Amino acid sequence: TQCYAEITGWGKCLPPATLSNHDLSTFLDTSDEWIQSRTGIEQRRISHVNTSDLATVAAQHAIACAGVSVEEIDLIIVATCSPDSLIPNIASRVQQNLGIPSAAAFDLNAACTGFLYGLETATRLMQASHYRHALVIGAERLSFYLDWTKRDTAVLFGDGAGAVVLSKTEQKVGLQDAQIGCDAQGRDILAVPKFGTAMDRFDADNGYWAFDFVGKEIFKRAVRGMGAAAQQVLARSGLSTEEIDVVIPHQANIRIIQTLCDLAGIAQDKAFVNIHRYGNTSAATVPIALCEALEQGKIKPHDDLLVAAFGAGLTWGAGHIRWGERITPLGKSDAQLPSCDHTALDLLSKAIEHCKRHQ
């Protein structure tokens, strides 16, 4: 008997400390004019807490939004490439924080495509086996990684988390067809090769790692990768392009999003965009954007959503989500991060000082 994973809960956690384009302009040869025109980004958030904490708050909001009890959750996937720790995983920390008993809990790493990978994986696990409710979270603290002397990457990335709760049903809703993949031959153009077990653990300079980033090749391959994936999704599902009501894309560059819509013949005003506020938050982009699309009344019952993402790997993906009946939360959560009496510059102060002094 055919089953589905309906998205019944959504939630986000953006940390409060805000790094503006002008803030970056004080310690870097860049400008608000260049950044906003090339990328669309105006602000990003910088976390004063760990990735697991951002993930926990978003999940709390999603659970309240779904009206599910913690004892109903059977599966927790955290999509991240910036986990607090590797032993143990941070899906288990989120589980511990929420008091969810027994659920399967793992971290998934597919970089910026991680939430799509996670939604796909959770959806298939639910359809093929005995998982009735899932929590899928994209959460990142990319500020940990940045080279504060390197303008090419330092202005692109932010911190945050988004979550969904999935509920098993016989109604034809949630993620339908999905096409995810990886173009591995281009792996080297977007990489931090020396954070991980490849790094020299006892070298005192091991913190001063390179963030390889070939913006132009990334731009080109992302358009092509997402584009092809979206076409496969639309083709297999028998949908005309006008039947897509909303695009929820990965938020890496506004011009990538525009080019994607243009080449697919999707009207620009169907794309939800919040990159101006948050920047590229990797695995978090899609579920935050989905959460806010719902908050802002952009999605209607029964809408067809196109999701699309791309990332280091080079990972890629697209998916068709058919929304159900409810675009309103069942409940609200007063869950919050601890207060932060610091600016974004204050938080990055030490890291910036070290990066400049080492150069």
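One rule holds for the numbers: they count along the sequence shown, beginning at 1.
- In this entry, 36-44 shows the higher mean Cα temperature factor of the pair 296-304 and 36-44.
- For the pair 335-343 and 13-21, the record assigns the higher mean C-alpha temperature factor to 335-343.
- Per the deposited coordinates, the residue with the largest Cα temperature factor out of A318, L28, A312, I321 is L28.
- Out of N89, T80, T169, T149, it is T149 whose C-alpha atom has the highest B-factor in the PDB entry.
- Sorting the modelled residues of the chain by their CA temperature factor places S129 in the middle third.
- Residue-level temperature factors show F202 in the highest third of its chain, judged at the C-alpha atom.
- When all modelled residues of the chain are sorted by CA temperature factor, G265 is found within the highest third.
- The PDB entry assigns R141 a C-alpha temperature factor belonging to the middle third of its chain's modelled residues.
- Sorting the modelled residues of the chain by their CA temperature factor places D159 in the lowest third.
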